[PDB]
Amino acid sequence: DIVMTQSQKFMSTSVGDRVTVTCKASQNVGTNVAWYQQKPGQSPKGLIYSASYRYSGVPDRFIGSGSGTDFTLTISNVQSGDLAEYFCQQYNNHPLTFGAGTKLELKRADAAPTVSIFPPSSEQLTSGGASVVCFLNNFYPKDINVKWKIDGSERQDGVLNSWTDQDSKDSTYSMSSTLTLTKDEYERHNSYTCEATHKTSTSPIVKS
Amino acid sequence: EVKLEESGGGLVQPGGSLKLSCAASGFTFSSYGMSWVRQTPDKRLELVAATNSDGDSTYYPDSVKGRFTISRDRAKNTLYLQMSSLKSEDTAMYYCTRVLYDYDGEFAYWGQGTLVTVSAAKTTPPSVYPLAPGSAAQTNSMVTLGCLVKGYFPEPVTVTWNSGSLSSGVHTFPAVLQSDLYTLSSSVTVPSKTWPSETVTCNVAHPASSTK
Amino acid sequence: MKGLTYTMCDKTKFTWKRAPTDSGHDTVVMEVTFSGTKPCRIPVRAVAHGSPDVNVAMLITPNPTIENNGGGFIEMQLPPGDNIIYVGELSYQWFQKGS
Amino acid sequence: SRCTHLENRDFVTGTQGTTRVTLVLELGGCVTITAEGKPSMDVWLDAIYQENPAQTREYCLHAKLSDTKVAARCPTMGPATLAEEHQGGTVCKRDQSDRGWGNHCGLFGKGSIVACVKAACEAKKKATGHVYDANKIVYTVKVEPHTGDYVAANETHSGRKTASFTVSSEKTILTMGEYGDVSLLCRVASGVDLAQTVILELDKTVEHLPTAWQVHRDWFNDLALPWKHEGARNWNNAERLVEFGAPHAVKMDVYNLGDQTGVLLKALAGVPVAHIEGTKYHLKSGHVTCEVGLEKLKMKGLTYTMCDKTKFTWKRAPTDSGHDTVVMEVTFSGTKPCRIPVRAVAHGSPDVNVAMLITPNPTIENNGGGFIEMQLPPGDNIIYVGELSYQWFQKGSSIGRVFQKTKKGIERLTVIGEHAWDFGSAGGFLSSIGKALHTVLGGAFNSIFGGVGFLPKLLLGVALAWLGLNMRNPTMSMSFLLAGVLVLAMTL
Ligand SMILES: *[C@@H]1O[C@H](CO)[C@@H](O)[C@H](O)[C@H]1NC(C)=O
């Protein structure tokens, strides 16, 4: 099958700038060009076909080019409604293979995170378990450390990382952190503290 | 307003069978064509069954060739996908599509999409836990909230904060696969004056067994 | 044959690269430019005059497929009379001149 | 209505069950399709053209000669040659002069001579033939319903839907406003026989002439004028506008011979014409077989009232329309829009409605309605419009209309009518058997003679008829009948 490799995996841009996304092809497919725009939870949008045509409902903000192996989806005037996932596609071959998805991002500075580490209350001690809950919020870029300080002891047990799309209001990224213990291990250690070390800011910021 | 309402999203074990539908509107049927496209949870798209206008014939990639049966209806506005012998990696967002007048391979309008999780083990429900801090330091601009959805199987999820009142500064996590179990979390950001004075209780309404 | 594990093509993306003409031996030749979902069984059909129900396209190239670098040439023998040779939505008015 | 703008108007009725109306639209005809329960459909072939078809042999009319060189030799002193004997576009003739001792030969008698010219032409004196292509010829069909409006020829009609038909078209779903959709399925190759159609073209910039013409291929290759092709410099068979004479030992004068605008076009007995408008070579004669599906049509104003019985100011009075149909124009200034109280009662029975309408559901509209054509039985026909009657008489006869349809069976079954037996709709034992017994006739008569001419038609007819009378064998005495077809039939 003809693979469609996007060179731009995780790219960022400003509001007023014009950027473009390219896409590889295993062989010369020519004018079998197709792109998309899907937001998380919402639908994709079949914007441009054959690299130069549109559908009624697509503005002049979305142009395109590229006939052959390398394609071109140039977008001018990147709105708040362009914070989405851009797919690649050839419709030459059967099957009509797809791109993994270009997550277009909004440009934002390097910020410091915050943690509200919450040990379990009396509502979870009935079930016999105690799952201590951490949060890493409000940080750019995505590179951040997830660790635990159970009386300051290093513990890789309880590192579960999930990603989150850039926020429409706050423009942040998120990486999860959650611990799974019992009632006995809850009653063996007093101080509970979660660690969040940003790429630039090397300080764990805590409610100790 | 062109609408493609997906339906038939259930929870069936591997080697099972489903029957998808798609309520179509805003376009005449036989002038266009209808197809299915799936999206894996790790953001890698994949075709299910692309097919032309008028119900002439059916295509399948060699991953699913000879097992499924895509069919249609003109006046009733329903795209079917009679599936059978489910692979365990068929857990993917199935999308009803709408190809153009020219049948361009790509699909101009789309639908909201459903999730047909093909999971091995039987389903388990989570519980609700609006937790609270113990040993603790001084006030800040904002101190975020906490609730955990743990010990459940399997996705999807619907979690909000206080029936949608406090939604300023959300941080939603879809899923983390861990030992045939998932575990997500969510956030909302208020100052240190709001938490002890007012009351905050998270909502765990997870549609694995659809309970609270 | 070649192209039995493929599908029927699009109806739209067929355009005449080449004009359907008579061979001098009672067959009609052509060549299409299909720039879409390749390769696939071309929907070649040709009705007659007096009954628009029945396809009467006695083919000479069976199972035409527009390959990734190949395909296009289709030849068919037809009974006398008016004949609408469809290649998808694209059609062609033809009179078979032989008796 | 375009059907009122000409004489050759033919009401193909839509009988109950007949929904796929096979027609033959001539170029310069108009078939109103009145189906019982459908809007009436004025359907007509508008134009037959092609956007600059290929050309064939062009023919110089007015020749032009220059560079005339004459050379002779004595009888036994090596007969004459010239460098222009074998140059392009040069017409020469070797001939025997009578070489005297005036130009000082050795002998008398037959000395050779040759003289050549440059057989050129005059500008804009080319008879440019054109053959149409089967793949680029366009048949234009305009269709108009009966909205109650009448629009002239110098105006244009609003709902006049136009359908073009090429080699890559099958079926034209024409939306008839609120009347619905009409479906015309025309077939191009079963129309004008394009294999032997030469669109001959002279100077169109001459103001007082036609623009295109229409002639036949066989005669076109029987033209003995000098010819060439597109880009070919010199004239093939250029010895036809160039002739020679007899010299007197020195100079044979190769005479210029002139122009041919009269022998071609002016003394010539019964040949048709065509038209050019810019870059489309139109025709004026034609025919094409179309199937007309009325299945998506409906009448307009079925959920309205009837109008007043009094207020109808006659903007146009009813008159006889040459075809036993009666038109009118009511102007209604009351409660619009409404269905017009149209009736025409029987004579001898004053109750019975006999108004065989043509415009179905006559309705005055917000800005339209009024033109109500109807066909009537012969004699007394009392055309009410509500209580305000335009009391009326029609001049036809009962068997006169039937005999009129026999006269249409005479004149429409002409050379056009050899193929146009689809005036009805799949007649079975009326149409198919007719096609058989007339394909064997028209095929045989187009085969024999190749066209012979009316004077040879009557000469050969009366000659073989005399061989019918002067015959010994009673079995071969049917030569009077076999010649009888040649005398009686093809003399119109
Ligand atoms: C059509 O001809 C009539 C009669 O001369 C004239 O009154 C009318 O104005 C003409 N209409 C147009 C559009 O030329």
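Numbers in chain D track Swiss-Prot; the residues on display, in order, are 281-772.
Per the header of the entry, the method used was electron microscopy, 3.9 Å.
The backbone N, Cα and C atoms fix where each Cβ goes, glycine too.
Feature list (source: Swiss-Prot):
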{"type": "TOPO_DOM", "residues": "D:281-727", "note": "topological domain 'Extracellular'"}
{"type": "DISULFID", "residues": "D:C283-D:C310", "note": "disulfide bond"}
{"type": "DISULFID", "residues": "D:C340-D:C401", "note": "disulfide bond"}
{"type": "DISULFID", "residues": "D:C340-D:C396", "note": "disulfide bond"}
{"type": "DISULFID", "residues": "D:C354-D:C385", "note": "disulfide bond"}
{"type": "DISULFID", "residues": "D:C372-D:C401", "note": "disulfide bond"}
{"type": "DISULFID", "residues": "D:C372-D:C396", "note": "disulfide bond"}
{"type": "REGION", "residues": "D:378-391", "note": "region 'Fusion peptide'"}
{"type": "CARBOHYD", "residues": "D:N434", "note": "N-linked glycosylation site"}
{"type": "DISULFID", "residues": "D:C466-D:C570", "note": "disulfide bond"}
{"type": "DISULFID", "residues": "D:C587-D:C618", "note": "disulfide bond"}
{"type": "TRANSMEM", "residues": "D:728-748", "note": "transmembrane segment"}
{"type": "TOPO_DOM", "residues": "D:749-755", "note": "topological domain 'Extracellular'"}
Listed recorded positions adjacent to ligand 1, that is, members of D:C283, D:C401, D:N434 whose C-beta is under 6 A away: D:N434
Pairwise CA distance, D:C340 (disulfide bond) versus D:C570 (disulfide bond), rounded so that it is a whole Å: 40
Tertiary contacts of the transmembrane segment (D:728-748) (same chain, 6+ residues out, Cβ under 8 Å): 498, 549, 757-764, 766-767, 770-771
Rounded Cα separation (Å) that holds between D:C401 (disulfide bond) and D:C372 (disulfide bond): 17
Per DSSP, three-state class assigned to D:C401 (disulfide bond): strand
Nearest recorded site to D:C618 (disulfide bond) by CA-CA distance, among disulfide-bonded residues D:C283, D:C354, D:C372, D:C385, D:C466: D:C283
Minimum Cα separation from D:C283 (disulfide bond), reported as the residue among recorded positions D:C354, D:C372, D:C385, D:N434, D:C466 that achieves it: D:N434
Cβ packing number for D:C354 (disulfide bond), 10 Å threshold: 22
Intrachain C-beta neighbours of D:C372 (disulfide bond), sequence separation six or more, cut-off 8 angstroms: D:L362, D:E364, D:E365, D:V394, D:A395, D:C396
Number of helical, extended and coil residues in the region 'Fusion peptide' (D:378-391), per DSSP: 0 helix, 3 strand, 11 coil
By Cα-Cα distance, the member of recorded positions D:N434, D:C466, D:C587 nearest D:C310 (disulfide bond): D:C466
Residue distribution over DSSP helix, strand and coil in the topological domain 'Extracellular' (D:749-755): 1 helix, 0 strand, 6 coil
CB within-chain contacts under 8 A for D:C466 (disulfide bond), separation at least 6: D:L305, D:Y419, D:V421, D:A443, D:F445, D:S449, D:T452, D:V568, D:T569, D:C570, D:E571
Close in space, distant in sequence - D:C385 (disulfide bond), Cβ under 8 Å, 6 or more apart: D:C354, D:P355, D:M357, D:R379, D:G391
